[PDB]
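**Q** In their complex positions, the first chains:
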Amino acid sequence: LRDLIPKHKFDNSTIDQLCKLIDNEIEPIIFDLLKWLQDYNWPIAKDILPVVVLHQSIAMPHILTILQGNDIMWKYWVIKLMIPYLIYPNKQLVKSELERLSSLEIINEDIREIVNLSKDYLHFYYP
């Protein structure tokens, strides 16, 4: 199934073949798929998004990981693109991460962007 993971930044070749796979099925590669969301400007990232959203239930653990992670850009995309499409339980699963991130002291400027994304999403998707 690993052959199903995009091998580079433009690799849309396996998508039609991932669209067939399901929740039980795709989980073994699901975190690798998410790695494509590190930069949304990769032409592949846009193709991957909908797949990882459809299969958001099996992706939750791994979505947490990314938010506890040390990639600023990665969790920024994951927050910006995915939170809005989490179903109530899943959406509630990440509240804590959004909470923590909104909390960080703004040392560098990249930190700012993601504090602000979190305050605003919390503000919008939780009221």
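**A** Done, it's in. Residues are numbered from 1 along each chain as shown, chains lettered A, B, ... in the order given.

**Q** Now do residue A:126: how many residues are near it, please.
**A** 12 (other CB atoms under 10 Å). In short, each C-beta sits where N, CA and C put it, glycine included.

**Q** Look up how far residue A:72 lies from it.
**A** As for residue A:126, its distance to residue A:72 is 22 Å (criterion: CB to CB, to the nearest Å).

**Q** cool, residue A:38 as well?
**A** Residue A:38 sits 10 Å away from residue A:72 when distances are taken as CB to CB.

**Q** neighbour count winner among those two?
**A** A count of neighbours by other CB under 10 Å puts residue A:38 above the other of residue A:38 and residue A:72, at 16 against 12.

**Q** residue contacts, the closest residue in space to that one that isn't next to it in sequence?
**A** On the basis of CB to CB, 6 or more residues apart in numbering, the spatially nearest residue to residue A:38 that is not a chain neighbour turns out to be residue A:74, at 4.6 Å. With contacts taken as CB atoms under 8 Å, 6 or more residues apart in numbering, residue A:74 has the following neighbours: A:37, A:38, A:66.

**Q** export those residues to TSV and tack on distance to residue A:88 and secondary structure?
**A** TSV is the format used below for these (distance: CB to CB, whole Å; DSSP: H, G, I helix; E, B strand; the rest coil):
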residue	distance to residue A:88	secondary structure
A:37	22	helix
A:38	27	helix
A:66	20	helix
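
**Q** Kindly indicate which of those lies nearest residue A:85.
**A** Relative to residue A:85, the closest of the contacts of residue A:74 is residue A:37; by CB to CB it sits at 12.7 Å.

**Q** include chain B too:
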Amino acid sequence: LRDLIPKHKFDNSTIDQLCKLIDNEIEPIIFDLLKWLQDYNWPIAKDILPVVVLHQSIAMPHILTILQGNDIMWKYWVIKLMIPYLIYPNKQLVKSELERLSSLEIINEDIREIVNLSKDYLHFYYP
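**A** So, slotting chain B in with the rest:
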């Protein structure tokens, strides 16, 4: 199942009960659900989005309807919020609508917004 449709603009009461329903199951109400996406600033609209995205396959016909529709704001939300999350076949199902909308002559200013949304989405999600 119709009792499952939000009865007003803030009505989040049936969501947890819709999250249980599936593709075979929910289609009878799916177009009514979409009617909540007419204004995204309705507190309910944000809760509904993820449901109608998860069930995008049964929603396709009805997504077309809205794009051929006469609601500017409605198709604007539907385009802005949903296209980015359509899986390849579904995404290809609406290309024509995006194409047509990008084509409209800009008489009034509200028309502008949706021409521009369509050129830009076409430009981004199709390359």
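
**Q** Go back to the neighbour count of residue A:126, now with chain B?
**A** Number of residues near residue A:126 (other CB atoms under 10 Å in any protein chain shown) recorded here: 13.

**Q** Please apply the same query to residue A:26.
**A** 20.

**Q** swap in residue A:7?
**A** Residue A:7 has 10 neighbours, counted by other CB under 10 Å.

**Q** go on, residue A:106?
**A** A total of 12 residues lie near residue A:106 under the criterion other CB under 10 Å.

**Q** if I look at it, how far off is chain B?
**A** In this view, residue A:106 and chain B are 27 Å apart by CB to the nearest CB, to the nearest Å.

**Q** May I have the phi/psi pair for that residue?
**A** Residue A:106 adopts backbone torsions of phi -80, psi 90, taken as degrees, to the nearest 10.

**Q** Nearest spatial neighbour of it, chain-adjacent residues omitted?
**A** Among residues not flanking residue A:106 along the chain, residue A:112 sits closest, at 5.0 Å (CB to CB, 6 or more residues apart in numbering or on different chains).

**Q** Using PDB, list the CA coordinates for the helix or strand containing that neighbour.
**A** Element membership of residue A:112 [criterion: DSSP states H and E] is helix A:109-125. Backbone C-alpha positions of helix A:109-125 (Å, rounded to 0.1, in the frame of the first residue of the first chain) are rendered in PDB as follows:
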ATOM      1  CA  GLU A 109       7.100  36.200  13.700                       C
ATOM      2  CA  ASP A 110       6.300  32.700  12.300                       C
ATOM      3  CA  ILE A 111       4.900  31.900  15.800                       C
ATOM      4  CA  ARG A 112       2.600  34.900  15.500                       C
ATOM      5  CA  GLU A 113       0.800  33.500  12.400                       C
ATOM      6  CA  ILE A 114      -0.100  30.200  14.000                       C
ATOM      7  CA  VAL A 115      -1.200  31.900  17.400                       C
ATOM      8  CA  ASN A 116      -3.500  34.100  15.400                       C
ATOM      9  CA  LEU A 117      -4.800  31.300  13.300                       C
ATOM     10  CA  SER A 118      -5.700  29.400  16.500                       C
ATOM     11  CA  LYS A 119      -7.300  32.200  18.400                       C
ATOM     12  CA  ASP A 120      -9.400  33.000  15.300                       C
ATOM     13  CA  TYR A 121     -10.400  29.400  14.600                       C
ATOM     14  CA  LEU A 122     -11.300  28.800  18.200                       C
ATOM     15  CA  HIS A 123     -13.200  32.000  18.100                       C
ATOM     16  CA  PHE A 124     -15.100  31.000  15.100                       C
ATOM     17  CA  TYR A 125     -15.600  27.300  15.100                       C
END
